[PDB]
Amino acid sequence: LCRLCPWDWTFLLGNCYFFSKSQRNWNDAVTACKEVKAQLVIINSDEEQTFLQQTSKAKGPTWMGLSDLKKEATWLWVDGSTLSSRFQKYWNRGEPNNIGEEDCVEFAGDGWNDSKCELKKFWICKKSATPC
């Protein structure tokens, strides 16, 4: 009886993902994920980014665990790690913009936008799986 991820979480490449059914502001989304020992999703591979971008298209704009709330124009994941050069290609054309006003990052369409953190959007949690 191999259970890769908890009930209603999805396994992808050694991690477990939870796709919210409701919409919350960015900070509340962060908190929701911490409630289940997880983090508002931190993207770390292209296959992961591809899967979360597709899934998120079916619901609508969706938060990820990325923001420049600490220092404008510097984007940090919720675990404090820096956004790598190779991931900057995921930004949509024209993003990030409205710097200092739109401080949190969302999947929008086929890439990332920065958006106003107070907006309510879907969100995704990620934590490690338990292998079999």
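Heads up: residue numbers just count along the shown sequence, starting at 1.
- When the C-alpha B-factors of 33 to 41 and 54 to 62 are averaged, 54 to 62 comes out higher.
- Mean CA B-factor, 23 to 31 versus 81 to 89: the higher value falls on 81 to 89.
- Among all modelled residues in this chain, the alpha-carbon of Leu1 has a temperature factor (C-alpha) in the highest third.
- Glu106 sits in the lowest third of its chain by CA B factor, as recorded in the PDB entry.
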